[PDB]
Structure formats: C-alpha cells, structure tokens
$ cat upload.txt   # compact mmCIF, C-alpha atoms and all ligand atoms
# COMPACT_ATOMS: atom_id res chain seq x y z
CA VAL A 1051 21.24 91.52 105.95
CA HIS A 1052 20.14 87.96 105.11
CA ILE A 1053 21.68 85.60 102.56
CA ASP A 1054 19.70 83.01 100.67
CA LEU A 1055 21.91 79.90 101.00
CA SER A 1056 19.62 78.11 98.51
CA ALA A 1057 20.69 80.61 95.76
CA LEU A 1058 24.29 79.30 96.04
CA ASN A 1059 25.58 76.15 94.29
CA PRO A 1060 24.98 73.37 96.88
CA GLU A 1061 28.33 71.74 95.98
CA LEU A 1062 30.18 74.98 96.96
CA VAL A 1063 28.15 75.28 100.20
CA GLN A 1064 29.25 71.75 101.26
CA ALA A 1065 32.91 72.27 100.14
CA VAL A 1066 33.32 75.31 102.44
CA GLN A 1067 31.98 73.63 105.67
CA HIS A 1068 35.53 73.13 107.08
CA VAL A 1069 36.03 76.98 106.96
CA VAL A 1070 32.66 77.79 108.64
CA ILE A 1071 32.56 79.03 112.24
CA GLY A 1072 29.10 78.88 113.87
CA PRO A 1073 27.63 82.10 115.29
CA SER A 1074 27.60 80.61 118.84
CA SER A 1075 31.41 80.15 118.75
CA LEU A 1076 32.00 83.89 118.04
CA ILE A 1077 31.38 87.19 119.82
CA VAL A 1078 31.93 90.36 117.79
CA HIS A 1079 32.70 93.64 119.58
CA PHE A 1080 30.92 96.06 117.18
CA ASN A 1081 31.91 99.11 119.29
CA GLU A 1082 35.67 98.17 119.15
CA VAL A 1083 36.80 99.16 115.62
CA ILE A 1084 40.25 98.02 114.50
CA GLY A 1085 39.92 99.58 111.01
CA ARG A 1086 37.16 101.17 108.90
CA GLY A 1087 36.98 100.28 105.22
CA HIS A 1088 35.00 100.74 101.99
CA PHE A 1089 34.02 97.04 101.78
CA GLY A 1090 33.59 96.44 105.51
CA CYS A 1091 35.04 97.13 108.94
CA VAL A 1092 37.36 95.12 111.16
CA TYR A 1093 36.36 94.72 114.83
CA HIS A 1094 37.80 93.04 117.92
CA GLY A 1095 36.30 89.60 118.47
CA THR A 1096 36.39 86.59 120.75
CA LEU A 1097 36.39 83.05 119.34
CA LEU A 1098 35.76 79.75 121.15
CA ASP A 1099 38.11 76.94 119.95
CA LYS A 1104 38.96 81.59 124.28
CA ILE A 1105 40.90 83.32 121.45
CA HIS A 1106 41.19 87.09 120.82
CA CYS A 1107 40.62 87.62 117.09
CA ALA A 1108 39.84 90.25 114.40
CA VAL A 1109 36.43 90.03 112.69
CA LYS A 1110 35.92 91.60 109.33
CA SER A 1111 32.37 92.36 108.22
CA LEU A 1112 31.57 92.54 104.49
CA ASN A 1113 29.50 95.70 104.08
CA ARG A 1114 29.02 96.48 100.35
CA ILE A 1115 28.21 92.94 99.20
CA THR A 1116 25.03 93.22 97.13
CA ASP A 1117 24.66 90.02 94.97
CA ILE A 1118 24.84 86.20 95.36
CA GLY A 1119 27.76 86.05 92.85
CA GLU A 1120 29.91 88.06 95.28
CA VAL A 1121 28.89 85.64 98.15
CA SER A 1122 29.84 82.63 95.92
CA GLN A 1123 33.29 84.22 95.27
CA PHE A 1124 33.66 84.94 99.00
CA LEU A 1125 33.12 81.20 99.73
CA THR A 1126 35.43 80.14 96.84
CA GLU A 1127 38.16 82.43 98.35
CA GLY A 1128 37.57 81.03 101.85
CA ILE A 1129 38.34 77.51 100.55
CA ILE A 1130 41.57 78.71 98.88
CA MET A 1131 42.78 80.77 101.88
CA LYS A 1132 41.94 78.19 104.56
CA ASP A 1133 44.84 76.04 103.23
CA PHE A 1134 47.50 78.74 103.52
CA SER A 1135 50.07 78.38 106.29
CA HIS A 1136 53.09 80.69 106.34
CA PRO A 1137 54.50 82.96 109.10
CA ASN A 1138 54.34 85.99 106.76
CA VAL A 1139 50.77 85.39 105.50
CA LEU A 1140 47.77 86.23 107.70
CA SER A 1141 45.84 83.01 108.54
CA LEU A 1142 42.17 82.60 107.87
CA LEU A 1143 40.64 81.29 111.13
CA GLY A 1144 37.26 80.89 109.38
CA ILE A 1145 34.15 82.54 107.98
CA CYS A 1146 30.52 83.12 109.09
CA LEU A 1147 27.50 83.11 106.79
CA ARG A 1148 24.74 83.60 109.45
CA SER A 1152 26.52 90.06 107.36
CA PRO A 1153 29.19 87.52 106.13
CA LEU A 1154 32.23 87.64 108.45
CA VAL A 1155 35.91 86.86 107.97
CA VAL A 1156 37.62 85.71 111.21
CA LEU A 1157 41.34 86.50 111.37
CA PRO A 1158 44.00 86.27 114.12
CA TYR A 1159 44.40 89.42 116.27
CA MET A 1160 47.38 91.57 115.23
CA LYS A 1161 48.54 93.67 118.20
CA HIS A 1162 50.53 96.27 116.24
CA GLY A 1163 47.89 96.79 113.52
CA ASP A 1164 48.54 97.68 109.90
CA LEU A 1165 52.11 98.24 108.69
CA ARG A 1166 51.47 101.70 107.19
CA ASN A 1167 50.15 103.23 110.43
CA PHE A 1168 52.91 101.40 112.40
CA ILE A 1169 55.77 102.94 110.38
CA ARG A 1170 54.08 106.40 110.46
CA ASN A 1171 53.79 106.12 114.33
CA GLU A 1172 56.04 108.59 116.27
CA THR A 1173 56.65 106.33 119.32
CA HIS A 1174 57.55 103.08 117.43
CA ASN A 1175 60.14 104.83 115.21
CA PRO A 1176 61.53 101.73 113.35
CA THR A 1177 65.13 101.99 112.07
CA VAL A 1178 66.09 101.61 108.34
CA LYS A 1179 67.31 98.05 109.15
CA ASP A 1180 63.95 97.18 110.81
CA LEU A 1181 62.11 98.57 107.73
CA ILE A 1182 64.28 96.44 105.36
CA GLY A 1183 63.48 93.48 107.65
CA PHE A 1184 59.73 94.18 107.25
CA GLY A 1185 60.22 94.32 103.44
CA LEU A 1186 62.01 90.94 103.48
CA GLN A 1187 59.15 89.42 105.53
CA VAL A 1188 56.60 90.73 102.97
CA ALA A 1189 58.72 89.23 100.13
CA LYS A 1190 58.71 85.83 101.96
CA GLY A 1191 54.92 85.91 102.35
CA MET A 1192 54.56 86.82 98.66
CA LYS A 1193 57.03 84.06 97.62
CA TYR A 1194 54.73 81.61 99.42
CA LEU A 1195 51.56 83.07 97.77
CA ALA A 1196 53.23 83.06 94.30
CA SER A 1197 54.10 79.32 94.90
CA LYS A 1198 50.35 78.66 95.44
CA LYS A 1199 49.49 80.68 92.23
CA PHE A 1200 47.65 83.22 94.41
CA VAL A 1201 47.58 86.76 92.97
CA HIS A 1202 47.11 89.39 95.75
CA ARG A 1203 45.98 92.29 93.38
CA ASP A 1204 46.35 94.97 96.15
CA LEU A 1205 49.73 94.52 97.88
CA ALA A 1206 50.40 97.71 99.92
CA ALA A 1207 51.69 98.58 103.44
CA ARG A 1208 48.10 99.38 104.50
CA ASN A 1209 47.24 95.70 103.74
CA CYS A 1210 50.04 94.13 105.85
CA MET A 1211 49.64 93.59 109.61
CA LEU A 1212 52.06 93.15 112.57
CA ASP A 1213 51.65 90.71 115.45
CA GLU A 1214 53.03 91.06 119.09
CA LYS A 1215 56.49 89.84 117.92
CA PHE A 1216 56.55 92.43 115.04
CA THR A 1217 56.14 89.62 112.47
CA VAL A 1218 54.64 91.07 109.28
CA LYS A 1219 51.71 89.22 107.73
CA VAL A 1220 50.44 89.85 104.18
CA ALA A 1221 46.63 90.40 104.35
CA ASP A 1222 43.78 92.54 102.77
CA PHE A 1223 41.61 95.17 104.51
CA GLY A 1224 39.54 95.52 101.28
CA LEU A 1225 38.14 92.67 99.10
CA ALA A 1226 40.66 92.82 96.25
CA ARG A 1227 39.78 89.36 94.86
CA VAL A 1228 35.97 89.53 95.34
CA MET A 1229 35.33 93.19 94.36
CA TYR A 1230 38.00 93.55 91.61
CA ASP A 1231 35.38 94.89 89.12
CA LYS A 1232 34.15 97.66 91.49
CA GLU A 1233 34.84 101.40 91.01
CA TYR A 1234 37.10 101.44 94.14
CA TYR A 1235 39.82 99.47 92.28
CA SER A 1236 39.70 101.77 89.20
CA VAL A 1237 40.96 105.31 88.37
CA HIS A 1238 37.55 106.76 89.42
CA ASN A 1239 38.53 106.27 93.09
CA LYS A 1240 40.40 109.62 93.14
CA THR A 1241 39.81 110.68 96.80
CA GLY A 1242 41.25 109.35 100.08
CA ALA A 1243 44.65 107.93 101.16
CA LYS A 1244 43.85 104.38 100.00
CA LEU A 1245 44.05 104.93 96.24
CA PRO A 1246 44.68 101.37 94.94
CA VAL A 1247 45.56 102.64 91.42
CA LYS A 1248 48.89 104.05 92.79
CA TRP A 1249 50.12 100.48 93.58
CA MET A 1250 49.03 98.98 90.22
CA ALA A 1251 51.45 97.77 87.56
CA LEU A 1252 51.41 99.59 84.23
CA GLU A 1253 49.67 96.65 82.42
CA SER A 1254 47.09 96.34 85.25
CA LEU A 1255 46.26 100.07 84.80
CA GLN A 1256 45.81 99.57 81.03
CA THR A 1257 44.15 96.12 80.69
CA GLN A 1258 42.91 95.22 84.23
CA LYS A 1259 45.06 92.04 84.05
CA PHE A 1260 46.68 91.09 87.38
CA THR A 1261 49.37 88.41 87.68
CA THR A 1262 52.20 87.57 90.14
CA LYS A 1263 54.36 89.95 87.99
CA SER A 1264 51.95 92.85 88.65
CA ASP A 1265 52.13 91.98 92.43
CA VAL A 1266 55.96 92.39 92.03
CA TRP A 1267 55.34 96.00 90.84
CA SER A 1268 53.13 96.63 93.95
CA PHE A 1269 55.88 95.11 96.13
CA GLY A 1270 58.28 97.76 94.77
CA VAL A 1271 55.80 100.53 95.80
CA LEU A 1272 55.46 98.82 99.23
CA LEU A 1273 59.33 98.87 99.61
CA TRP A 1274 59.20 102.63 98.77
CA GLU A 1275 56.51 103.13 101.49
CA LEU A 1276 58.76 101.32 104.00
CA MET A 1277 61.79 103.51 103.10
CA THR A 1278 59.74 106.75 103.37
CA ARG A 1279 58.07 105.59 106.67
CA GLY A 1280 54.63 105.66 105.12
CA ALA A 1281 54.60 108.62 102.70
CA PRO A 1282 51.75 108.53 100.14
CA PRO A 1283 53.16 107.61 96.69
CA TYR A 1284 52.96 110.17 93.80
CA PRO A 1285 51.37 112.93 96.02
CA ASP A 1286 51.32 115.42 93.14
CA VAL A 1287 50.01 112.97 90.48
CA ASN A 1288 46.23 112.51 90.10
CA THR A 1289 44.70 109.03 89.76
CA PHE A 1290 43.63 110.00 86.18
CA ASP A 1291 47.25 110.95 85.29
CA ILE A 1292 49.22 108.04 86.90
CA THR A 1293 48.99 105.81 83.73
CA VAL A 1294 50.60 108.41 81.40
CA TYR A 1295 53.11 109.39 84.13
CA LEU A 1296 54.32 105.75 84.29
CA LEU A 1297 54.21 105.26 80.49
CA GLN A 1298 56.60 108.21 80.10
CA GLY A 1299 59.14 106.40 82.33
CA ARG A 1300 58.69 108.50 85.48
CA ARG A 1301 59.00 106.60 88.78
CA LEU A 1302 58.91 107.11 92.58
CA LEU A 1303 62.21 108.81 93.55
CA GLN A 1304 64.83 107.28 95.84
CA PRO A 1305 63.99 108.01 99.49
CA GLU A 1306 66.62 109.76 101.61
CA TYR A 1307 67.33 106.78 103.89
CA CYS A 1308 67.04 104.11 101.12
CA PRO A 1309 70.30 102.22 100.37
CA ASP A 1310 71.25 102.31 96.66
CA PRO A 1311 70.97 98.46 96.19
CA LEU A 1312 67.38 98.62 97.50
CA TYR A 1313 66.37 101.39 95.05
CA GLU A 1314 67.93 99.20 92.27
CA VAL A 1315 65.47 96.48 93.41
CA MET A 1316 62.52 98.94 93.25
CA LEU A 1317 63.41 100.03 89.69
CA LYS A 1318 63.60 96.36 88.63
CA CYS A 1319 60.09 95.77 90.21
CA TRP A 1320 58.76 98.69 88.14
CA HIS A 1321 60.07 97.36 84.80
CA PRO A 1322 57.63 98.35 81.98
CA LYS A 1323 57.84 94.72 80.73
CA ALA A 1324 56.17 92.36 83.26
CA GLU A 1325 58.27 89.39 82.08
CA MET A 1326 61.51 91.30 82.89
CA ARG A 1327 60.58 91.91 86.57
CA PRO A 1328 62.29 89.69 89.22
CA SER A 1329 60.29 86.83 90.82
CA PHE A 1330 59.43 86.92 94.56
CA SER A 1331 62.02 84.12 95.04
CA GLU A 1332 64.72 86.35 93.50
CA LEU A 1333 63.49 89.28 95.64
CA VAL A 1334 63.86 87.24 98.86
CA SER A 1335 67.47 86.21 97.94
CA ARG A 1336 68.44 89.78 97.03
CA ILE A 1337 66.80 91.48 100.02
CA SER A 1338 68.20 88.82 102.45
CA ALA A 1339 71.71 89.60 101.13
CA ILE A 1340 71.22 93.38 101.60
CA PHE A 1341 69.73 92.81 105.11
CA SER A 1342 72.41 90.35 106.30
CA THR A 1343 75.31 92.75 105.58
CA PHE A 1344 73.41 95.89 106.81
CA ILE A 1345 74.86 97.91 109.68
CA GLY A 1346 72.23 100.01 111.41
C1 LIG A 1401 43.34 85.43 105.09
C2 LIG A 1401 43.60 86.90 104.74
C3 LIG A 1401 44.55 87.15 103.58
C4 LIG A 1401 45.90 86.84 103.64
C5 LIG A 1401 46.74 87.10 102.56
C6 LIG A 1401 46.23 87.67 101.41
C7 LIG A 1401 44.88 87.99 101.32
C8 LIG A 1401 44.33 88.60 100.09
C9 LIG A 1401 44.98 88.95 98.93
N1 LIG A 1401 44.10 89.49 98.03
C10 LIG A 1401 42.93 89.48 98.65
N2 LIG A 1401 43.02 88.95 99.89
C11 LIG A 1401 44.05 87.73 102.41
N3 LIG A 1401 42.35 87.64 104.50
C12 LIG A 1401 41.27 87.03 103.92
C13 LIG A 1401 40.11 87.65 103.65
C14 LIG A 1401 39.00 86.90 103.01
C15 LIG A 1401 38.30 87.43 101.93
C16 LIG A 1401 37.29 86.69 101.37
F1 LIG A 1401 36.61 87.21 100.32
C17 LIG A 1401 36.93 85.44 101.81
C18 LIG A 1401 37.64 84.95 102.87
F2 LIG A 1401 37.32 83.72 103.35
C19 LIG A 1401 38.67 85.63 103.49
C20 LIG A 1401 39.99 89.08 103.98
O1 LIG A 1401 39.00 89.78 103.78
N4 LIG A 1401 41.14 89.63 104.55
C21 LIG A 1401 42.32 88.98 104.83
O2 LIG A 1401 43.28 89.55 105.34
$ encode --input "upload.txt" --output "structure tokens" --more "lines below"
Ligand SMILES: C[C@@H](c1cccc(-c2cnc[nH]2)c1)n1cc(-c2cc(F)cc(F)c2)c(=O)[nH]c1=O
Amino acid sequence: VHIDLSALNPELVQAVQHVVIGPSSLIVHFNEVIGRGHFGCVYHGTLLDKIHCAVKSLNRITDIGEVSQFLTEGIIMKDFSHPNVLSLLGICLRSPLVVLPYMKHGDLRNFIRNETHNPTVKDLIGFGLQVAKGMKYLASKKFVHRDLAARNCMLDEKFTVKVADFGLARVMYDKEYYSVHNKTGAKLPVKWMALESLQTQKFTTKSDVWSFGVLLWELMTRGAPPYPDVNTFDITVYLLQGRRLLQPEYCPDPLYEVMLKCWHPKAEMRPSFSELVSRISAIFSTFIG
C-alpha cells in the first residue's frame, strides 16, 4: 500500500512533522499480534528514541480524505498528556501506522473476563474512576471519543487504565461498522451509543457520558456483553421505550444510580465527566472490599 503525499494539503503535511516517526526508528513485529481489528491490527513493536511499543496498522483505509483525517487526528492527539489517556508516541506514513506505548495487561474487557486476574468489586470501581478521569481530561480538550467501551481501554504494568481506541472511531465514523448494519461479532459499537447518536448520528461529550455508563455496567458484570438478547436493529426502540441494562449482582446501589443518570433520554440532563469523577471518587473512598 502506497500513499501519494502530494494528494494531501501541503500545509497539513508540514503541520504533522512533529508527530512523524521515520521508518528506520521503528521495527514492527508482524507475527506478534496484540489485537486483531476491523480497521487494522495492533502488533508488538520496538522504537528507537530502545522502547517496547504497540504498533497499530490501518488496514481498511481506501481514500486520501481518510489519510488527511488520520493526520489531523495525529496533531490533536500528540498534545494529550494524562495518566488515564493512552499517549500517542507518533505516526508513520511510509500502511500508515499509529505508534502507542506498550500496555502489559492489554485491553480492559479481556482483563476483567480473565479467570486468573479476578479483580474485586473495589478494583473494578477503581478502574471506572480512572476511565472517568481520562474522559474528564478529554472533555476539557473538547475531544469526543465516539466509541468509549471496555474493549477500547488498556492497562499498563501498574494496572493504570488508559482510554484508547482499537478501531478508528474518529476517522471511520461514516463506515458501516459504526452503524446498525454491523449486527455480528462481540464488538457491536451500536450497543454503547447514546439514544440521540443512534437516531441522528450526532456524537458529543454527553453521548460519551452514555457510553461511560455502559462501560461501568461492563466493569460491574466483569465483561458481560450488553443487551445479549436485543438485536442491533432493535436497540433503538428498546431504549426509546425506557428499557435499560439491569443492575448487576455485585453493583452497589449508588453506582447503578450513576448508570441510570448516564443513560438519561435527554443528553443535557446527563452528568458531566467532572461530576462523574466527584461522585465515583466518593463511592470508592468509602468502599469496603
Ligand atoms: C492516542 C490513542 C487514543 C487515546 C485516547 C482516545 C483515542 C480515541 C478516541 N476516539 C478515537 N480515538 C485514541 N490512539 C490514537 C489512535 C490514532 C488514530 C488516528 F486516526 C490517528 C492517530 F494519530 C492516532 C488510534 O488508532 N488508537 C489509539 O488508541
């Protein structure tokens, strides 16, 4: 796969040079798969400042407009610095690669579903609070995630949760994968979407708050798939009728109250990420477990 750099706006090509990592500074281990995805796979990699990293290839990119958006996103993300947000180490254009820090304990969904790890309810509430802190930071930068889910959060060697994306939620938002037609597989993005996002394809920080509620539900169920008996074509009407994900067995009542507030049918009535951090920190700090 070859990209015509001359088909891109030259101003954008120069503006992204601080994010660019040259091919000679990076070795990709194509036989060491960290995660396989619809828009590209994640592999183990080695970066030269010797750093162990994760390298994400972009597989289904077909037009120069998607490459322009990829560069525009690289400029935005390069500036982010928060302990609960995955850093962007850099990008490669010569097929496009995203270079991320290596996360020893992988994605949050597989971690909480893991039999050996067995996190306690308190640990799971702690992971939820860390996600809320990363989202409070992203909301402060006016950055809309669009696909916040446990499968998109990663854990480092200290069990620090980092908000991230294994898909391309902000580049490929118009693709079939992010619509109700993606009806097969575990990663069904439509089951994390706010009611207004399902109806009008509008995504805001308030629709990320809805997804955060679904993510808290995934943490409390240790990675159960949401709405198992509701088809992707029926989720909109199910939510419009006022039906919601039920309270998990180990979920404390004040945390389910939080989830119901995240799933408010009126986006403007949902709590902010700043309110979510205060509320979850108070539940966590007095928690005995
Ligand atoms: C830095 C990280 C990250 C951290 C927190 C939130 C998000 C996010 C929210 N909604 C979409 N993404 C992404 N990250 C970045 C890219 C990436 C994508 C690009 F298109 C371009 C580019 F330079 C980097 C990626 O593929 N995966 C990933 O984890």
$ closest_atom_pairs --input "upload.txt" --of "chain A" --to "ligand LIG 1401 (chain A)" --cutoff "7 Å" --atoms "only C-alpha atoms and all ligand atoms" --output "CSV"
residue,atom,partner,partner_atom,distance
A:1110,CA,A:LIG1401,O1,6.6
A:1123,CA,A:LIG1401,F1,6.7
A:1124,CA,A:LIG1401,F1,3.9
A:1125,CA,A:LIG1401,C17,6.1
A:1127,CA,A:LIG1401,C17,4.7
A:1128,CA,A:LIG1401,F2,3.1
A:1129,CA,A:LIG1401,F2,6.9
A:1131,CA,A:LIG1401,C1,5.7
A:1139,CA,A:LIG1401,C5,5.3
A:1140,CA,A:LIG1401,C4,4.5
A:1141,CA,A:LIG1401,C1,4.9
A:1142,CA,A:LIG1401,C1,4.1
A:1144,CA,A:LIG1401,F2,6.7
A:1145,CA,A:LIG1401,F2,5.7
A:1155,CA,A:LIG1401,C19,5.4
A:1157,CA,A:LIG1401,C1,6.7
A:1201,CA,A:LIG1401,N1,6.7
A:1202,CA,A:LIG1401,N1,3.8
A:1203,CA,A:LIG1401,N1,5.7
A:1204,CA,A:LIG1401,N1,6.2
A:1220,CA,A:LIG1401,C5,4.9
A:1221,CA,A:LIG1401,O2,3.6
A:1222,CA,A:LIG1401,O2,4.0
A:1223,CA,A:LIG1401,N4,5.6
A:1224,CA,A:LIG1401,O1,6.3
A:1225,CA,A:LIG1401,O1,5.6
A:1226,CA,A:LIG1401,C10,4.7
A:1227,CA,A:LIG1401,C10,4.9
A:1228,CA,A:LIG1401,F1,5.5
$ closest_residue --input "upload.txt" --among "A:1236, A:1256, A:1122, A:1177" --to "residue A:1294" --atoms "all atoms listed in the file"
A:1256
$ atom_distance --input "upload.txt" --atom1 "atom CA of residue A:1166" --atom2 "atom CA of residue A:1268"
14.3 Å
$ residues_around --input "upload.txt" --residues "residue A:1054" --least-positions-apart "5" --cutoff "10 Å" --atoms "all atoms listed in the file" --output "PyMOL selection string"
chain A and resi 1118+1121+1147
$ atom_distance --input "upload.txt" --atom1 "atom CA of residue A:1290" --atom2 "atom CA of residue A:1230"
18.2 Å
$ atom_distance --input "upload.txt" --atom1 "atom CA of residue A:1109" --atom2 "atom CA of residue A:1279"
27.3 Å
$ axis_aligned_box --input "upload.txt" --around "stretch 1201-1208 of chain A" --padding-each-side "3 Å" --output "AutoDock Vina command-line options"
--center_x 48.8 --center_y 93.1 --center_z 98.7 --size_x 11.7 --size_y 18.6 --size_z 17.5
$ closest_residue --input "upload.txt" --among "A:1324, A:1165, A:1078, A:1195" --to "residue A:1212" --atoms "all atoms listed in the file"
A:1165
$ residues_around --input "upload.txt" --residues "residue A:1077" --least-positions-apart "4" --cutoff "12 Å" --atoms "only C-alpha atoms" --output "PDB file with C-alpha atoms, in the frame of the given file"
ATOM      1  CA  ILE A1071      32.560  79.030 112.240  1.00  0.00           C
ATOM      2  CA  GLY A1072      29.100  78.880 113.870  1.00  0.00           C
ATOM      3  CA  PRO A1073      27.630  82.100 115.290  1.00  0.00           C
ATOM      4  CA  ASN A1081      31.910  99.110 119.290  1.00  0.00           C
ATOM      5  CA  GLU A1082      35.670  98.170 119.150  1.00  0.00           C
ATOM      6  CA  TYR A1093      36.360  94.720 114.830  1.00  0.00           C
ATOM      7  CA  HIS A1094      37.800  93.040 117.920  1.00  0.00           C
ATOM      8  CA  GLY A1095      36.300  89.600 118.470  1.00  0.00           C
ATOM      9  CA  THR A1096      36.390  86.590 120.750  1.00  0.00           C
ATOM     10  CA  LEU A1097      36.390  83.050 119.340  1.00  0.00           C
ATOM     11  CA  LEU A1098      35.760  79.750 121.150  1.00  0.00           C
ATOM     12  CA  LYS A1104      38.960  81.590 124.280  1.00  0.00           C
ATOM     13  CA  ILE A1105      40.900  83.320 121.450  1.00  0.00           C
ATOM     14  CA  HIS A1106      41.190  87.090 120.820  1.00  0.00           C
ATOM     15  CA  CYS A1107      40.620  87.620 117.090  1.00  0.00           C
ATOM     16  CA  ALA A1108      39.840  90.250 114.400  1.00  0.00           C
ATOM     17  CA  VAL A1109      36.430  90.030 112.690  1.00  0.00           C
ATOM     18  CA  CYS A1146      30.520  83.120 109.090  1.00  0.00           C
ATOM     19  CA  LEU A1154      32.230  87.640 108.450  1.00  0.00           C
ATOM     20  CA  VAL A1156      37.620  85.710 111.210  1.00  0.00           C
TER      21      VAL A1156
END
$ closest_residue --input "upload.txt" --among "A:1339, A:1112, A:1333, A:1091" --to "residue A:1267" --atoms "only C-alpha atoms"
A:1333
